[PDB]
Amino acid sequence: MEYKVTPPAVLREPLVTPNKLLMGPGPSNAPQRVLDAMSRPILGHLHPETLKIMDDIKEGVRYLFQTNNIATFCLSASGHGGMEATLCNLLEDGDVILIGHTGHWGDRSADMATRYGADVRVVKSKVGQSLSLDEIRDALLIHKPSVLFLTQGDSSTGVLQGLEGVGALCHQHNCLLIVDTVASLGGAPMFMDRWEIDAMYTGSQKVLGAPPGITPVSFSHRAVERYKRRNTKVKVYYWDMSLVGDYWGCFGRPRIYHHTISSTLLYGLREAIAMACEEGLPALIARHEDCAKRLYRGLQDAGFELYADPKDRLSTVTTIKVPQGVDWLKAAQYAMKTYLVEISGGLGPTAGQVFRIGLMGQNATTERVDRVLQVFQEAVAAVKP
């Protein structure tokens, strides 16, 4: 019996995972409590104890999102999967969607919407700015979409998009409002129901500090009604709102087999969410806002120039212009080799033009602000002509 491929020598070496200060825009450092929880034994996907953990997670995301939506659950996918499922469920071929573009995430949602067969329209912000309510209204009137997509915290540009009045306006025009809060939840106000948002998701690895790979989502009654009026099945079984909602106990129905949830990731997320709910939103958001303000002061004292408009800044991700003369990638490598601290470059329209420093979860403390300020400064000084 002949085996042309042999057992890899590489796998006889130990697994190596250096412990780093992750001060890029994500993932953030997991609290030790969430790491310890991910050593717990595996559970069956339909076991009562798993379902209880899932039930507890739902309450926690409703608190974090500030929603009472019955269709609140998590997707067994990284944060992109929230963008996929939201678009996949709420679009049919030819539907017109308006993308509010405030950075990379406008490009990515436009791409997915087009892959799903929608008629994609885009309104773009001014550079380093959010979209105004006027700009949103004007584009809505022009395009008459059935879905408007906005990113609350665009992590490529470090920009926080204001949301008040936008859901109400959409609903004057038979439009659903989808909002990405992956980078913004916990670091800026969010009230899903109050702001009349129809679909929303965040990530597990940003402010929460859970492992990447499971993503909380919620759909309003209006979004559920849209799903119910579809003429065809959603294109992906794996994302189908009704089926994963049933698995997560949301609607009238028996819990059945949809897929095997990762109980490991459930454990870390549940613990991450319990930590956040224990701090509470007012203190959690104020802590990130206050660390950002400390960072701005340190950066601006040192002669650095910030990318985003001062009125439009996202506390969790700070974009900073790469100074004339500096190789951003060399600066990044210097900080990592010398200190095991991560500083990042840009994303999409800001690739090569900015650094991005994340202040998220475990990392949004005055001590870690000071540490990243110190090492960012040295790394740039070390590579500058």
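In this text, residue numbers run from 1 along the sequence as written.
Engineer: Pick between 114-122 and 300-308: the one whose mean CA B-factor in the entry is higher.
Structural biologist: Per the deposited B-factors, the answer is 300-308.
Engineer: Can you tell me whether 167-175 has a higher mean C-alpha B factor than 185-193 in this record, or the other way round?
Structural biologist: Of 185-193 and 167-175, the stretch with the higher C-alpha B-factor average is 167-175.
Engineer: Looking at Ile256, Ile261, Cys74, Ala85, which has the biggest Cα B factor in the entry?
Structural biologist: It is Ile256.
Engineer: Which one, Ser218, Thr232, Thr202, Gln152, has the peak C-alpha temperature factor per the PDB entry?
Structural biologist: Spelled out: the listed residue with the top C-alpha B-factor is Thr232.
Engineer: Splitting the chain's C-alpha B-factors into thirds, which one does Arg287 fall into?
Structural biologist: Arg287: CA B-factor falls in the middle third of its chain.
Engineer: Is the Cα B-factor recorded for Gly280 in the lowest, middle or highest third of its chain?
Structural biologist: Answer is middle: the recorded C-alpha B-factor places it there.
Engineer: Determine, from the deposited record, the chain-internal third of the Cα B-factor for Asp138: lowest, middle or highest.
Structural biologist: Top third by C-alpha B-factor.
Engineer: Against its chain's modelled residues, does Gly213's Cα B factor rank lowest, middle or highest third?
Structural biologist: Its C-alpha B-factor, which the entry lists for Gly213, ranks in the lowest third among residues of this chain.
Engineer: Name the third of the chain's ranked CA B-factors that contains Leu43, choosing lowest, middle or highest.
Structural biologist: Its C-alpha B-factor, which the entry lists for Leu43, ranks in the lowest third among residues of this chain.
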